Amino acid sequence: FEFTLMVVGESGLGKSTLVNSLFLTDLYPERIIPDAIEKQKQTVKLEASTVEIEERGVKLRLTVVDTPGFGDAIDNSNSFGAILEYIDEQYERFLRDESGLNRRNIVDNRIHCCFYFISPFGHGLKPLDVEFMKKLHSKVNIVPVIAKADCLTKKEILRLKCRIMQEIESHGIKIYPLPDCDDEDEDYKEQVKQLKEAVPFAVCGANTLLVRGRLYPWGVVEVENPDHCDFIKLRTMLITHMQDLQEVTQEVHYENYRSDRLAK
């Protein structure tokens, strides 16, 4: 494999903690966290970090492309301007290398999937969330993720899940769909059925072993436990859908960018 994942969201949503908690890694050493004095006009930069990881015989080269500074400025206008240019750049790099007379070894840096994180503190999708997803759902597979699920009770999780699903339906956002299964397997058909009913995945990230979880004076949040958060469902969906995510990136989004650019 050679999979590329993009992470987008406000700072302080546990994104770095989540992407680390997936394959139990540490992609962000010496993480420079700026202060509020240098964040009012902090532009959105793109910093990639590729990591090797073997998952039950599935050895893959995971390249994570974070977008530090998204939605942390006073005026978040054109915050998603650099994210757009990078994705189209990777499509252009692939279009140049595929059209050239020497395509023996090509670096495939196209973004196959893009996690977008939603703050659980508010009531639903914010204008920054809507104007981002609508401006990128036709170029990359958007996967909505409710960050920091452990601040929402049972009733609050189902309330926020259903609302931001209506707002996605209302604004016409094309998030990444999970493919339907054919008879085939019965247990796998039940697993993919609960994945469709759990989206948007309200997840929790933690690197502390206690069996990963978070410690509170009133209790312990079990990350790997589905009854507490949808971490295991997001991780399971990622591994089982890396093929489809890669294929839809090539056969759909890339081909649409190709046809659009060939007329320019």
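The first residue of the sequence shown is number 1, and the count goes up from there.
Unmodelled stretch separating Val58 from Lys59: none (count of deposited-sequence residues without coordinates).
Unmodelled residues of the deposited sequence between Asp75 and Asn76: none, the chain being continuous.
A summary of the deposited B-factors shows that, of 227 to 235 and 30 to 38, the stretch with the larger mean C-alpha value is 30 to 38. Across the two stretches, 187 to 195 and 142 to 150, the PDB entry reports the greater mean Cα temperature factor for 187 to 195. Highest C-alpha temperature factor among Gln166, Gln90, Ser99, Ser119, as the PDB entry reports it: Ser99. In this structure the maximum Cα B-factor among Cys181, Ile175, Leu128, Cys113 is found at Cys181.
Placement of the Cα temperature factor of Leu13 within the chain: lowest third of the modelled residues, per the deposited record. Split the chain's modelled residues into thirds by C-alpha temperature factor. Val221 is in the middle one. Ranked by Cα temperature factor within the chain, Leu46 sits in the middle third according to the deposited record. Per the PDB record, residue ranking by Cα B-factor puts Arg159 in the middle third of the chain. In the PDB entry, a CA B factor belonging to the lowest third of its chain's modelled residues is recorded for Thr249.
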